[PDB]
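> One structure is given below, represented as structure tokens, and several questions about it will come after.
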Amino acid sequence: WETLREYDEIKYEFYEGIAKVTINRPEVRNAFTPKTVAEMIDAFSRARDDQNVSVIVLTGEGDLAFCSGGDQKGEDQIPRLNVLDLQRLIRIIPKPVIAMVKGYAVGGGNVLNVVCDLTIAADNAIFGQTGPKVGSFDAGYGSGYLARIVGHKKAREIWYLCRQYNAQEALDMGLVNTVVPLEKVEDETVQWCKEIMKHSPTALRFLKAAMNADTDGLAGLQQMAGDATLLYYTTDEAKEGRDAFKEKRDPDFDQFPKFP
Amino acid sequence: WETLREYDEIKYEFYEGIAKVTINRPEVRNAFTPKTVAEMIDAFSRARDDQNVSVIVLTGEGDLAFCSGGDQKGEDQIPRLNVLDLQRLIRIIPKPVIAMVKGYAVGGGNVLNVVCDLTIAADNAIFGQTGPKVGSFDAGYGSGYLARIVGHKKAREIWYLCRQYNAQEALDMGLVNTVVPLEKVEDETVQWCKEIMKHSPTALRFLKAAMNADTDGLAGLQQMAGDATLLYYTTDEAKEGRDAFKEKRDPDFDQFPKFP
Amino acid sequence: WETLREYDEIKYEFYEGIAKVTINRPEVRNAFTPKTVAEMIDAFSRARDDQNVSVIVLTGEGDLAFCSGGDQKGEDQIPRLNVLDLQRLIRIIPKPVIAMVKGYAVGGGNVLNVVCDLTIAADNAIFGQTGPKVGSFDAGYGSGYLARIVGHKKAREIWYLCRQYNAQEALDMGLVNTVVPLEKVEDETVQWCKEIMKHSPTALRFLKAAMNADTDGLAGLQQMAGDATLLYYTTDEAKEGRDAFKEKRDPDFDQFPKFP
Amino acid sequence: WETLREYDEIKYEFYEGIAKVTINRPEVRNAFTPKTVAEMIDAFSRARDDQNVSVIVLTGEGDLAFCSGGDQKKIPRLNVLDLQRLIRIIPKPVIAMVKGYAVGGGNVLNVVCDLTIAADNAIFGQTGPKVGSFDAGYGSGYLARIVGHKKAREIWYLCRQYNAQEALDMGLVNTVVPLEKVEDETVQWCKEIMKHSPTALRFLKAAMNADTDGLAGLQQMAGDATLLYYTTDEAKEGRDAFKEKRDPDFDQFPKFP
Amino acid sequence: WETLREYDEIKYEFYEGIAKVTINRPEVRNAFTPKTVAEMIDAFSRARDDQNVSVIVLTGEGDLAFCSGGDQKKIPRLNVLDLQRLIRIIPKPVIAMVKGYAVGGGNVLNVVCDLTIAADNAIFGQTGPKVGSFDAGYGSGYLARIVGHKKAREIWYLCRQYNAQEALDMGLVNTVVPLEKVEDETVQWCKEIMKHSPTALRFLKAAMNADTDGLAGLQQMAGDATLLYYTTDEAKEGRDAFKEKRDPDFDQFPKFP
Amino acid sequence: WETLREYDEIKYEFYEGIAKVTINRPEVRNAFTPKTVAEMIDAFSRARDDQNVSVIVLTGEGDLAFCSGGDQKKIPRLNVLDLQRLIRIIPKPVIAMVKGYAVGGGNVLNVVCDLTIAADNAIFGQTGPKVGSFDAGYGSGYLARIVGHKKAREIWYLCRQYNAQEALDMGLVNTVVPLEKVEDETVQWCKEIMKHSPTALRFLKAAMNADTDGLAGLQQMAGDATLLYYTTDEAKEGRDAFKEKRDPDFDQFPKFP
Ligand SMILES: CC(=O)CC(=O)SCCNC(=O)CCNC(=O)[C@H](O)C(C)(C)COP(=O)(O)OP(=O)(O)OC[C@H]1O[C@@H](n2cnc3c(N)ncnc32)[C@H](O)[C@@H]1OP(=O)(O)O
Ligand SMILES: CC(=O)CC(=O)SCCNC(=O)CCNC(=O)[C@H](O)C(C)(C)COP(=O)(O)OP(=O)(O)OC[C@H]1O[C@@H](n2cnc3c(N)ncnc32)[C@H](O)[C@@H]1OP(=O)(O)O
Ligand SMILES: CC(=O)CC(=O)SCCNC(=O)CCNC(=O)[C@H](O)C(C)(C)COP(=O)(O)OP(=O)(O)OC[C@H]1O[C@@H](n2cnc3c(N)ncnc32)[C@H](O)[C@@H]1OP(=O)(O)O
């Protein structure tokens, strides 16, 4: 059952192509410190680069929890908010990020959940925002992007009233993808991933970047461009342009197929 | 049961922190004239300023109706369309606006419903657009913003076919938040409001402005900025900047915590 | 049962105000070649102009299929991708375009389905994207616009896992408008259309352009502008502006009603 | 020569179709207060309604000054934003006539107005970061869509002062004239606008807002779209059939492609 | 020197990779009609398909004129918009060669084209609000994203005429040359473009549109993305496995971060 | 005079609040590599954290050069984009000090930085379409929001070189000075910024990004919004009530309209 790489507050493991970032703080119910986030960013950064991995999954250690948010009940000392760096990271990574929620995903923990491409929910799961009850709020991806899933009314609902939502309430609003019994959530998530690795990783990275460019204006278009520049690089045409530079002569795009 | 402030075609009342704007034209089934809208704008403007109120609710007088739209079956005389001024107002107000629909919310009446942050629906409620049957249309918030709740297909549906939608059909598409029996709709709405007043009014005003900035481009960002400028005003740093102006000397932002 | 206009791979028919574009390639399960698309574009272009038609419907020949996508199992010879020209066309046409799916709507076939204003689904229908399984993807309207119906999570789902979705799964996510037994799908769609032709065609063209301007930034606003310029043209004010040009004298917008 | 309806902290005037809103606080370099803004909101709203008003001009009292922001010396929350928002929902063109210092929330007002005519002694710039505020709304984003991001980021970061000619070359102001001719020119501009159709004008205005204000600017464009729709015979007959309790017949009205 | 395929109201020519669309109605100052636009839509679509065409130029017949809008003298609905839309979905650079009056829907056409080379006798401006129309689409919003909102609001509100140098300083045109050298320069521009890669060009073009056209401009960017994807070995093998009725093996193809 | 923490392919320095990132590869005209970019990402991230750093300057080693893109001579995927993205999420103003050739992905870097101060010998332009790449992200769209679409489409299509004064008139650079005074001026700019409040600065920076970066730029604006919220007494008391296991009392804290 999956290998492992050295971390203090998180777990970074691997199963047959899947990378698994796990929040390993069940005592505090998987709440993150600045160090925790910094470890997650590092873990994802390595997951992005490793050619062996095709799909990433984010989850909590045991049952009962996925993530809680902050706490203080950081290191540096400096009031960091690197939580937001991670938010951006998982959705620029040209690999699907799946949230395997197996309990409470509340506050900051839920925002990490919504920013993940897909969500596998255990029947045990409870979703919600706690910000305005705990003197906080995620007004970025936690608000705008949430509306882009559930509809404005529901997003307005979960932030204002701050209620809890069971797996079925989450499924019924479209927040989560499937709900499976707690025992089966370690499976199913793998079945999902196994289903992705059948498909072209390059087609998936474009579609991910296309979905980001839908919402993130000119920051999302950057990702689309970078994947384009990457594919364009691999074309015989581009080779000619950089060969002519090393050959100090003029480029000859004379005989190359021009598509209407 | 709630106090009151002087109005001719609407009712402006108050219950334990809640302000209640009521369309008082049940004879014409709560349709608005230019005067009605002008009263509603005034009522909301006062609701925005009054430090005693935390949540606003919009509703119709008795049962059977929430709102119908226009009529002519205005004052000035001048063909006003101030209906749109109100639309903008309720969503710049740093207080949640809840639509307590207790019957027909059709035509212009439904657009007022959708622009309200949350919607409490009585089982009695019927929703729809009548524009293209009555030689009209709301192509602004009535179209674009509607899609941002129900999905484009459903928004396209309700405008083209102009069908009626019962409380459950409304709930199933995500248009409304909850459906409660007609007898209980005066409650529940209060329970909702009572639940908001537990949370930080400042966190809520930012989240509201964040949800507007999601859709309203640079007009929504203005609201976000204004709330920022408001909170920045309250910080010791800002005080120093305006003190130095009244003291005619140079500002000293030397010893103030700089966050990464 | 409906007349007809000359085409090789598609059918262009007419019923009491409804135009019916039919993909006539059931042998290949209604997959399109470049010629097929070019015929569809022509058909729609004629449907746009013909004052007799009020609503357009897109569908496949027999049962079992709506559309499959590409194939090669074009003419010119030139690798065309005119599929995208059609995508833009049906949503600039000032007439509702209804997708009458009576079977498989997969791959490119589903994208044509989602771009259609409304969708009438037969119980027989199966929806899905096959791109990353067949070395392709629609990262434009197939990704972004899809999220604007079903929510990001579901759009992310159907592209990454590439699963099939039955009529009810489609209805439950909001992708399709209604589901009716296969026998009744030729009706119902007509009932829908008959319901549109009761309403003002001009109010509908604005609302369509308003829904496009919601998502398509400055390309959608063009459509809104063009409909505006069209209605403004019909006003006595505009007449005066162009009369003064033909009369070589100065325009007199002196006595014309100015609305606040 | 100019007809008046008075206030306490502003001046409100009419001249041959032109309505002129004037800040009347030169001693404090024409700075606004909560109250001064409230008066402007009112005067603009009245100008919105007046059928004889076709163009609105915002100006300072004498020379030397136009607007130097909000002074705070007279819990203060911020209705300048409502005014900015208002003065671009007015279906009437509004021209900024700057004849001195236009700084802080005084400059953002200049920016928000459709066009700016500047007397040669004009001074443009921000104070925000030095005085304990900022205009992160139209003061920042919208300024970039006039001046360009590189230059818009400049004015906010350095808070320097810019003379009339510098404003012209970056693109902040439309025109620059001598101080003596600035009461004129503006009237010429107004005279030139008033001979074009107010409806086409109000639409283009909405089209410019919709380009940037997203869905809120769309409401403006659509709002003026439905007004034109009201005036058509296929619209009124839709409303008449409802009044007469019968099915509407749009059937015989010219279609368009 | 220039090879021709003819029409009734336009001229369509080829020269060493350069295709030239020319309005052929100088008597009415090169104004378009429904028919004239239809011809341009066709000629552009043919230019879209021609593998030997790398750059497109839009110009007027002689000097004096380029385009003065739609005359209406020959129910008229408005296909100019389809043409505007078309001439920015062409994966080929299109340069406006203006040698006289470019006004009304004639100026918006100039605006829509990627670049504008101007002969020194060029005159730019709008007529809309005076003649009973407006271009609230690319005529308004897109013009602001070239000229800046302050100046874009100017040209529509006042409907004044602007000489070549004024257009240059606000940023409307790329370059200004003497009338004699305007047939040249444009060819030089074309010659310069034709030596760069057409694929990188078509992408940047789509990136510029996507920046402003929202989701529609995204379709363009993505559309060119999937074309490049078609030409890769991991794409064709995906399509081949479908044809051969077996499971696709993308497994051994280089990954990227 | 300047204090150093070293790397292999860059230089990283501090001077009275100013941190200076310098590409240290003049032999290849200051071109970056995957590694050189990684170093810059690190150095910027360190500058992000340093409480004593208020302004960041990006520059080339000597004169003649600033950045000429990515050379590729030393599967290469493209972390320059991460750096571009990073250097606009830094709540600190970053100024491009260009003293030579700024071309290709070297020019886009210049563009991404908030402001550009240019030595008179500066040369700006793109190489993409000729060398087998393009910057369809901030290189294209964002460049238009500085220069204007007409001119932004020019630089990419023709790939010409532009001197310092030409960059100034189109609006690419903020200021132009003699080469000798470019180490100065930049420091003056920095000195001028460092006397304004860092919080108002970081907000305006986020407001400028949010204007263009859509929902991602919104995250930045909101992120700085919640930081200010943390420092308020009604926020901490919300967090304290959670720690103390009791119901929060926001009830007695001043409200705003
Ligand atoms: C900048 C930042 O850092 C903040 C952010 O922006 S992110 C948003 C902040 N979010 C929050 O504070 C969420 C509040 N937490 C909750 O609501 C939790 O669900 C809650 C404690 C009720 C836990 O629910 P639960 O299942 O009933 O667990 P419960 O029985 O209450 O408590 C178990 C332990 O979890 C800890 N815990 C759970 N969530 C926590 C959190 N977010 N912070 C700190 N501790 C937390 C509790 O303190 C408790 O620890 P102890 O045994 O030492 O007292
Ligand atoms: C610019 C503008 O002003 C217009 C706009 O943009 S807003 C859009 C305009 N909307 C409309 O016109 C909606 C049309 N109204 C409806 O469909 C109503 O539901 C409708 C009259 C059927 C009422 O439904 P109902 O429950 O069956 O009530 P019903 O039995 O029909 O009639 C009861 C009374 O309500 C009145 N009424 C209801 N809605 C009305 C409306 N919108 N305008 C005028 N009168 C209305 C009816 O005229 C009737 O009055 P009388 O007794 O004097 O004849
Ligand atoms: C640029 C482009 O052109 C491509 C694009 O961008 S659009 C996206 C491309 N999409 C696809 O390729 C979709 C793949 N097709 C499918 O998945 C089909 O549903 C699929 C063949 C399984 C058909 O499902 P089905 O109901 O079981 O039909 P099935 O029994 O498998 O086969 C029946 C016939 O349909 C044909 N067919 C169905 N879809 C086809 C397609 N997309 N292309 C070619 N042939 C297709 C099969 O080849 C078969 O023909 P034969 O009898 O000559 O072998």
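Labels for the structure tokens follow display order: chains A, B, ..., residues from 1 in each chain, ligands from 1.
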Please give me, as a list in words, the residues lying within 6 Å of ligand 3 when counting only C-alpha atoms and all ligand atoms.

residues 28, 29, 31, 68, 69, 70, 71, 73, 107, 108, 130, 131, 134 and 136 of chain C

> Got a sec: who's within 9 Å of residue 22 (chain B), counting only C-alpha atoms, leaving out chain neighbours fewer than 4 positions off, as a ChimeraX atom specification?

/B:9-13,40,57-61,66

> Which neighbours of residue 137 (chain E) fall inside 9 Å, counting only C-alpha atoms, when residues of the same chain fewer than 2 positions from it are skipped, and could you give them as a PyMOL selection string?

(chain C and resi 218-226) or (chain D and resi 204+207+211) or (chain E and resi 81+134-135+139-142)

> Quick one: residues within 10 Å of ligand 2, with only C-alpha atoms and all ligand atoms, as an MDAnalysis selection string?

(chainID B and resid 25:34 64:65 67:74 79:84 103:111 126:138 164) or (chainID D and resid 223 226:227 230 238:240 242:245)

> Show which residues sit within 8 Å of residue 147 (chain B), as a PDB file with N, CA and C atoms, in the first residue's frame. Count only C-alpha atoms, and ignore same-chain residues fewer than 3 positions away.


```pdb
ATOM      1  N   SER B 143     -30.670  37.983 -17.193  1.00  0.00           N
ATOM      2  CA  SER B 143     -30.185  36.980 -18.129  1.00  0.00           C
ATOM      3  C   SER B 143     -28.846  36.418 -17.672  1.00  0.00           C
ATOM      4  N   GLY B 144     -27.809  37.247 -17.754  1.00  0.00           N
ATOM      5  CA  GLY B 144     -26.449  36.847 -17.405  1.00  0.00           C
ATOM      6  C   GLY B 144     -26.326  36.257 -16.016  1.00  0.00           C
ATOM      7  N   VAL B 150     -28.381  28.982 -12.228  1.00  0.00           N
ATOM      8  CA  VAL B 150     -29.063  27.773 -12.688  1.00  0.00           C
ATOM      9  C   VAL B 150     -28.323  27.008 -13.792  1.00  0.00           C
ATOM     10  N   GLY B 151     -27.380  27.673 -14.451  1.00  0.00           N
ATOM     11  CA  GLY B 151     -26.727  27.120 -15.633  1.00  0.00           C
ATOM     12  C   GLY B 151     -27.377  27.702 -16.872  1.00  0.00           C
ATOM     13  N   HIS B 152     -26.590  27.865 -17.933  1.00  0.00           N
ATOM     14  CA  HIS B 152     -27.071  28.521 -19.148  1.00  0.00           C
ATOM     15  C   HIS B 152     -28.330  27.907 -19.751  1.00  0.00           C
ATOM     16  N   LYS B 153     -28.356  26.580 -19.880  1.00  0.00           N
ATOM     17  CA  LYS B 153     -29.509  25.865 -20.445  1.00  0.00           C
ATOM     18  C   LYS B 153     -30.838  26.238 -19.776  1.00  0.00           C
ATOM     19  N   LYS B 154     -30.848  26.252 -18.443  1.00  0.00           N
ATOM     20  CA  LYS B 154     -32.050  26.593 -17.673  1.00  0.00           C
ATOM     21  C   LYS B 154     -32.445  28.063 -17.804  1.00  0.00           C
ATOM     22  N   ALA B 155     -31.448  28.940 -17.850  1.00  0.00           N
ATOM     23  CA  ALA B 155     -31.687  30.365 -18.053  1.00  0.00           C
ATOM     24  C   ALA B 155     -32.255  30.610 -19.446  1.00  0.00           C
ATOM     25  N   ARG B 156     -31.660  29.947 -20.436  1.00  0.00           N
ATOM     26  CA  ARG B 156     -32.154  29.962 -21.808  1.00  0.00           C
ATOM     27  C   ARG B 156     -33.588  29.442 -21.852  1.00  0.00           C
TER      28      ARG B 156
ATOM     29  N   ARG C 148     -20.178  26.488 -17.439  1.00  0.00           N
ATOM     30  CA  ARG C 148     -21.202  27.521 -17.269  1.00  0.00           C
ATOM     31  C   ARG C 148     -22.623  26.951 -17.312  1.00  0.00           C
ATOM     32  N   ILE C 149     -22.725  25.624 -17.388  1.00  0.00           N
ATOM     33  CA  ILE C 149     -24.004  24.927 -17.307  1.00  0.00           C
ATOM     34  C   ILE C 149     -24.016  24.043 -16.065  1.00  0.00           C
ATOM     35  N   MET C 211     -27.195  36.673 -23.341  1.00  0.00           N
ATOM     36  CA  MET C 211     -26.623  35.470 -22.746  1.00  0.00           C
ATOM     37  C   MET C 211     -25.231  35.186 -23.300  1.00  0.00           C
TER      38      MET C 211
END
```

> For chain E against chain D, which residues fall within 9 Å using only C-alpha atoms, given as an MDAnalysis selection string?

chainID E and resid 75:78 128:137 140:142 144:145 147:154 156:160 169:170

> Can you list, as a PyMOL selection string, every protein, DNA or RNA residue that comes within 10 Å of region 118-122 of chain F when you count only C-alpha atoms, leaving out same-chain residues fewer than 4 positions away?

chain F and resi 63-66+96-102+161-165+167-168+172-183+185-186

> Write to file, as a PDB file, in the first residue's frame, the residues of the selection just made, with C-alpha atoms.


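Saved file again_4.pdb follows:
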```
ATOM      1  CA  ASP F  63      25.483  47.815 -20.043  1.00  0.00           C
ATOM      2  CA  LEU F  64      24.706  46.405 -23.521  1.00  0.00           C
ATOM      3  CA  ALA F  65      22.437  43.706 -22.077  1.00  0.00           C
ATOM      4  CA  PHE F  66      19.432  43.158 -19.794  1.00  0.00           C
ATOM      5  CA  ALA F  96      12.772  47.014 -14.572  1.00  0.00           C
ATOM      6  CA  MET F  97      16.128  48.743 -15.055  1.00  0.00           C
ATOM      7  CA  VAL F  98      16.981  48.133 -18.726  1.00  0.00           C
ATOM      8  CA  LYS F  99      20.426  49.161 -19.984  1.00  0.00           C
ATOM      9  CA  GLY F 100      20.622  47.363 -23.347  1.00  0.00           C
ATOM     10  CA  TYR F 101      18.876  44.605 -25.289  1.00  0.00           C
ATOM     11  CA  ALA F 102      15.558  43.504 -23.805  1.00  0.00           C
ATOM     12  CA  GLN F 161      13.756  46.527 -32.612  1.00  0.00           C
ATOM     13  CA  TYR F 162      12.667  49.665 -30.778  1.00  0.00           C
ATOM     14  CA  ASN F 163      14.991  52.240 -29.214  1.00  0.00           C
ATOM     15  CA  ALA F 164      14.346  53.788 -25.783  1.00  0.00           C
ATOM     16  CA  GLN F 165      12.544  56.885 -27.100  1.00  0.00           C
ATOM     17  CA  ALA F 167       9.335  52.650 -26.320  1.00  0.00           C
ATOM     18  CA  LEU F 168       8.569  55.821 -24.349  1.00  0.00           C
ATOM     19  CA  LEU F 172       6.397  50.730 -22.996  1.00  0.00           C
ATOM     20  CA  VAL F 173       8.794  52.417 -20.539  1.00  0.00           C
ATOM     21  CA  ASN F 174       8.017  54.973 -17.817  1.00  0.00           C
ATOM     22  CA  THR F 175      11.170  57.086 -18.136  1.00  0.00           C
ATOM     23  CA  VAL F 176      14.307  57.451 -20.281  1.00  0.00           C
ATOM     24  CA  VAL F 177      17.676  58.707 -18.975  1.00  0.00           C
ATOM     25  CA  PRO F 178      21.327  58.696 -20.093  1.00  0.00           C
ATOM     26  CA  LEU F 179      23.187  55.401 -19.450  1.00  0.00           C
ATOM     27  CA  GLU F 180      25.397  57.026 -16.768  1.00  0.00           C
ATOM     28  CA  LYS F 181      22.418  58.121 -14.646  1.00  0.00           C
ATOM     29  CA  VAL F 182      20.426  54.853 -14.807  1.00  0.00           C
ATOM     30  CA  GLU F 183      21.887  53.344 -11.610  1.00  0.00           C
ATOM     31  CA  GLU F 185      17.105  57.691 -11.028  1.00  0.00           C
ATOM     32  CA  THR F 186      16.063  54.098 -10.278  1.00  0.00           C
TER      33      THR F 186
END
```

> Counting only C-alpha atoms, which residues of chain A fall within 8 Å of chain E, and what is the closest atom pair for each with its distance in Å at one decimal, ordered by chain and rising number, as JSON lines?


```
{"residue": "A:48", "atom": "CA", "partner": "E:257", "partner_atom": "CA", "distance": 5.8}
{"residue": "A:49", "atom": "CA", "partner": "E:257", "partner_atom": "CA", "distance": 5.3}
{"residue": "A:51", "atom": "CA", "partner": "E:255", "partner_atom": "CA", "distance": 6.1}
{"residue": "A:93", "atom": "CA", "partner": "E:257", "partner_atom": "CA", "distance": 7.7}
{"residue": "A:94", "atom": "CA", "partner": "E:257", "partner_atom": "CA", "distance": 6.8}
{"residue": "A:198", "atom": "CA", "partner": "E:248", "partner_atom": "CA", "distance": 7.5}
{"residue": "A:199", "atom": "CA", "partner": "E:250", "partner_atom": "CA", "distance": 7.3}
{"residue": "A:200", "atom": "CA", "partner": "E:250", "partner_atom": "CA", "distance": 5.8}
{"residue": "A:201", "atom": "CA", "partner": "E:255", "partner_atom": "CA", "distance": 7.7}
{"residue": "A:202", "atom": "CA", "partner": "E:255", "partner_atom": "CA", "distance": 7.8}
{"residue": "A:210", "atom": "CA", "partner": "E:222", "partner_atom": "CA", "distance": 7.6}
{"residue": "A:213", "atom": "CA", "partner": "E:218", "partner_atom": "CA", "distance": 7.9}
{"residue": "A:214", "atom": "CA", "partner": "E:215", "partner_atom": "CA", "distance": 6.7}
{"residue": "A:217", "atom": "CA", "partner": "E:211", "partner_atom": "CA", "distance": 7.5}
{"residue": "A:218", "atom": "CA", "partner": "E:211", "partner_atom": "CA", "distance": 6.6}
{"residue": "A:221", "atom": "CA", "partner": "E:207", "partner_atom": "CA", "distance": 7.8}
{"residue": "A:225", "atom": "CA", "partner": "E:207", "partner_atom": "CA", "distance": 7.8}
{"residue": "A:228", "atom": "CA", "partner": "E:225", "partner_atom": "CA", "distance": 6.1}
{"residue": "A:231", "atom": "CA", "partner": "E:228", "partner_atom": "CA", "distance": 6.8}
{"residue": "A:232", "atom": "CA", "partner": "E:228", "partner_atom": "CA", "distance": 6.8}
{"residue": "A:234", "atom": "CA", "partner": "E:232", "partner_atom": "CA", "distance": 8.0}
{"residue": "A:235", "atom": "CA", "partner": "E:232", "partner_atom": "CA", "distance": 7.6}
{"residue": "A:237", "atom": "CA", "partner": "E:197", "partner_atom": "CA", "distance": 7.6}
{"residue": "A:241", "atom": "CA", "partner": "E:197", "partner_atom": "CA", "distance": 7.9}
{"residue": "A:251", "atom": "CA", "partner": "E:195", "partner_atom": "CA", "distance": 7.4}
{"residue": "A:252", "atom": "CA", "partner": "E:195", "partner_atom": "CA", "distance": 7.5}
{"residue": "A:253", "atom": "CA", "partner": "E:197", "partner_atom": "CA", "distance": 5.9}
{"residue": "A:258", "atom": "CA", "partner": "E:51", "partner_atom": "CA", "distance": 5.9}
{"residue": "A:259", "atom": "CA", "partner": "E:51", "partner_atom": "CA", "distance": 7.4}
{"residue": "A:260", "atom": "CA", "partner": "E:49", "partner_atom": "CA", "distance": 5.1}
```

> Enumerate as number ranges by chain all residues of region 77-249 of chain B assigned to strand (DSSP E or B) by DSSP on the backbone, naming them with the chain letters and numbers the document uses.

B: 97-101, 103-106, 118-122, 126-128, 165-166, 178-180

> Please measure the separation of CA of residue 41 (chain B) and CA of residue 207 (chain B), giving the value in Å to one decimal.

22.5 Å

> From the set C:192, C:165, C:233, C:256, which residue has the shortest atom-to-atom contact distance to chain B, counting only C-alpha atoms?

C:192

> Taking only region 60-258 of chain B into account, list the residues labelled helix (DSSP H, G or I) by DSSP (computed from the backbone), as a PyMOL selection string.

chain B and resi 83-92+108-115+131-133+144-150+152-160+167-173+182-184+186-196+201-215+217-233+236-246

> Which is closer to chain A than all the others in C:95, C:163, C:46, C:248, using only C-alpha atoms?

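Of C:95, C:163, C:46, C:248, the one nearest chain A is C:163, counting only C-alpha atoms.
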
> One decimal, Å: what's the distance from CA of residue 20 (chain A) over to CA of residue 177 (chain A), could you say?

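Distance between the two atoms: 18.7 Å.
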
> When you count only C-alpha atoms and all ligand atoms, which of these residues is closest to ligand 1: A:175, A:196, A:162, A:244?

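Of all the options, A:162 lies closest to ligand 1.
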
> Considering only C-alpha atoms, can you say which of A:44, A:141, A:1, A:160 comes closest to chain B?

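Smallest separation from chain B among the options: A:160.
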
> Figure out the distance between CA of residue 103 (chain D) and CA of residue 124 (chain D), please, to one decimal in Å.

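Spanning CA of residue 124 (chain D) to CA of residue 103 (chain D) is a straight-line distance of 5.7 Å.
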
> Identify which of the residues A:182, A:139, A:146, A:167 lies closest to chain B, counting only C-alpha atoms when measuring atom-to-atom distances.

A:139

> With distances taken over only C-alpha atoms and all ligand atoms, which of A:186, A:195, A:216, A:63 is nearest to ligand 1?

A:63

> Write out as a PDB file with C-alpha atoms, in the first residue's frame each polymer residue whose atoms come within 10 Å of residue 38 (chain E), counting only C-alpha atoms; drop sequence neighbours fewer than 4 positions from it.


```
ATOM      1  CA  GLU E   9     -18.176  45.776 -56.155  1.00  0.00           C
ATOM      2  CA  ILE E  10     -14.709  44.809 -54.887  1.00  0.00           C
ATOM      3  CA  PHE E  32     -19.967  49.393 -48.696  1.00  0.00           C
ATOM      4  CA  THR E  33     -23.395  47.871 -49.339  1.00  0.00           C
ATOM      5  CA  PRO E  34     -24.907  44.581 -48.104  1.00  0.00           C
ATOM      6  CA  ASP E  42     -16.215  35.614 -49.613  1.00  0.00           C
ATOM      7  CA  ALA E  43     -12.818  37.023 -50.642  1.00  0.00           C
ATOM      8  CA  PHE E  44     -11.528  36.876 -47.052  1.00  0.00           C
ATOM      9  CA  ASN E  79     -23.528  41.723 -42.228  1.00  0.00           C
ATOM     10  CA  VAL E  80     -20.617  44.150 -41.755  1.00  0.00           C
ATOM     11  CA  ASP E  82     -19.968  39.156 -39.673  1.00  0.00           C
ATOM     12  CA  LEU E  83     -17.069  40.563 -41.734  1.00  0.00           C
TER      13      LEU E  83
END
```
